[PDB]
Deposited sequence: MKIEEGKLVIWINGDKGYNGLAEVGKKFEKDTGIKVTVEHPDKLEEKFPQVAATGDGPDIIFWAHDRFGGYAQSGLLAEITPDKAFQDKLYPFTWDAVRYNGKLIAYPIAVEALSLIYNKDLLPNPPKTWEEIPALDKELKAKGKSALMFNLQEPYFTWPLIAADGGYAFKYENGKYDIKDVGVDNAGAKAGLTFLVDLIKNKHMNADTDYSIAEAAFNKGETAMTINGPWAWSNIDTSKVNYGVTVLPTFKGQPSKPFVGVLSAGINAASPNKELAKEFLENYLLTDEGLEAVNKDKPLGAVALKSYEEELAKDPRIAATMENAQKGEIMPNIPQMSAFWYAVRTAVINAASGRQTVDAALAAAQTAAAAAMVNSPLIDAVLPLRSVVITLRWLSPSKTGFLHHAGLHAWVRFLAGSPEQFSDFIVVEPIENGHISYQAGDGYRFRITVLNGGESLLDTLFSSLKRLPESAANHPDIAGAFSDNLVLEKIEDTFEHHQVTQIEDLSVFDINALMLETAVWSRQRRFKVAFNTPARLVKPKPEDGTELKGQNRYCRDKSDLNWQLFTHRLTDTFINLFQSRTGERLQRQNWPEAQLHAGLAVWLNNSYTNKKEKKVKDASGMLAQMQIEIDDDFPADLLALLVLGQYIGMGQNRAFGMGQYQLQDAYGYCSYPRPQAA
């Protein structure tokens, strides 16, 4: 949980976090409240992961475009500055942090990309993108290059894509039309194609990221870069004579950067809300606070009127606002994360040659418009990680006798014998039944790790790597051959190498089953689904407690048990037990249903195998369909952590 009496702050590593820490040291001097300023990697994705369960920082610093989604998920508290304080900051910056009428963050600064160029290598910067290829040939003759900027984040490529007609969502009548995405019109195609032709003609490198581009410019190797005001600090250090100017035009149109408002949100689960307000209103959002941060890494055009009226005299800040005006302030709607994931994939795939520009942007238009999912039940379990582990026997042995219960206890032991094992790890063995193995034979099983289970996965990796010594069937007669990433189907050695099944992958998969409205639900391993509680007060006993006939299965029973699983996972993570709503009605017809008996001299292994046809409405809630899709990867019913209750969605 978040510790009361102190303040923990998250801000991106490219920002002036040391400056921010000095503002925190002054706060601690005046109130005794310790202020810890951290800068995690991928924090815009890390915040929902930890905040969904009640952890994370007291204050989060990011551009405003992520905050509507945070607010929609109930991660942010409503800030309450009086009218006197609101007048100190620009009204349009307050607009950027408003969501459904409520202010959800304190605006800090307005960030916009500008063209940064080496005045010594390039006295007159190019006014148009079309000049850059010709310019690069001349510079390559001196062993230099024209332009290098981060091609891994669509933030940096969007000004070009938007120049000739690209847009995120059409805005009319106070509303963004999610179904009207503009990443796939003639102008977006022209912009990305020009980017790809730069790479194809050796004027840029598809691999270029933020570090490579910053290093090249600051070491005098490239004449131009594209970055924001935070980057200026490192350039002053490198003693490059640089300037900040307007972005080049494309087809006569100016480049249109998506402008962000760096904002500070207050975690909804923070017990230090009043302290957070005092730090932000009375210490950071003052002339001396922002200056301490600006001195470390320049903020840009700050939202505080009194300070910005002095900074605007800086020609670099003026250029920042010039590019900003030629662009647009980002929407803060929850769909922005769907947009940025779509365009990130589009630009990487097009630039790497994997997809054509037309195909890459066609998929991005579909992806950007996919129905969001902001469920607390889902944010608690995502992201998933999964591995298939291959062992080799060191002497003969028998498996299947305990019906994979020994494997479970063994993996639990190898994970540190932790508390709440079943709430974070699912153990799915290969369904062989009874097998006798010889020395040298392989043994394979899959384990899926839910959000909050990395340390368990780390202990597991170490134990496996130290077999057979680790163990002290499934004893110290096994050795690790390899660990494969279930989702990439290739080998890994450290946890950091593992891919994730995250919210964006789930939204894309859910959309597939949204459009195909009829589909089948089939159990791979038997399910132990308890029958509904008799309404006359009596309790069911014995094997009569569980569903086993076609007549026992219906749409409400199935979705109740599925949701029970998610509620339990949520409860054990947070302590709260959410109230269980009923799903909208749908057609569910059980085609096949039979009960398997798997008792061994204990009946835990027995369960029901079933196939169900589903039909859903056009307007069926996506965040519920998403529970159905996610349930494929975590299983439902009793003993789901032993691999029971595994189902998969198939087409009819």
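Missing C-alpha coordinates mark the following deposited-sequence intervals, in order: 1, 474 to 480, 610 to 615, 667 to 678.
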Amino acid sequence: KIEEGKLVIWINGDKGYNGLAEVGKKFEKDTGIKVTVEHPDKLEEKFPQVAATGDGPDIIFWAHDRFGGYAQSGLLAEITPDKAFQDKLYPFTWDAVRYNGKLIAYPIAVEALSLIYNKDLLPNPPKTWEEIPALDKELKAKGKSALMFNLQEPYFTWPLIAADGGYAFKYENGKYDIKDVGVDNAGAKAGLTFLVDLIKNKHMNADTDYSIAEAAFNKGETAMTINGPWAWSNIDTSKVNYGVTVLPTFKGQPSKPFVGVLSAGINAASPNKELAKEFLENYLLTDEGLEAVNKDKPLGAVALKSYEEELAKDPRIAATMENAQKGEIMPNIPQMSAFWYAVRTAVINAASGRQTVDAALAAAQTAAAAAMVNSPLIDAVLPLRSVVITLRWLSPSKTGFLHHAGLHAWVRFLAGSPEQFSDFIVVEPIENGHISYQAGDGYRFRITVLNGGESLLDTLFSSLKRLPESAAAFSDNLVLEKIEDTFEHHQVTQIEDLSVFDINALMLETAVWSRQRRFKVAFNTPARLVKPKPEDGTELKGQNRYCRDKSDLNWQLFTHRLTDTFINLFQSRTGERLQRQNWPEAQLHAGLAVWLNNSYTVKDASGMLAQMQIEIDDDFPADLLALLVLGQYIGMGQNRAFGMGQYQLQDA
From here on, numbers count along this sequence of modelled residues.
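Higher mean CA temperature factor, per the PDB entry, when comparing 447 to 455 with 332 to 340: 447 to 455.
For the pair 179 to 187 and 549 to 557, the mean B factor over Cα atoms is greater in 549 to 557. Of the residues listed, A231, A141, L498, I266, the entry assigns the biggest Cα temperature factor to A141. The residue among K88, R528, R385, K398 whose C-alpha carries the highest B-factor in the deposited model is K398. Per the deposited record, the Cα B-factor of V411 falls in the middle third when ranked against the other modelled residues of its chain.
In the PDB entry, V97 places in the lowest third of its chain by CA B-factor. Among all modelled residues in this chain, the alpha-carbon of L464 has a temperature factor (C-alpha) in the middle third. In this PDB entry, the Cα temperature factor of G74 sits in the middle third of its chain's modelled residues. Among the modelled residues of its chain, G165 has a C-alpha B-factor that falls in the lowest third according to the deposited record.
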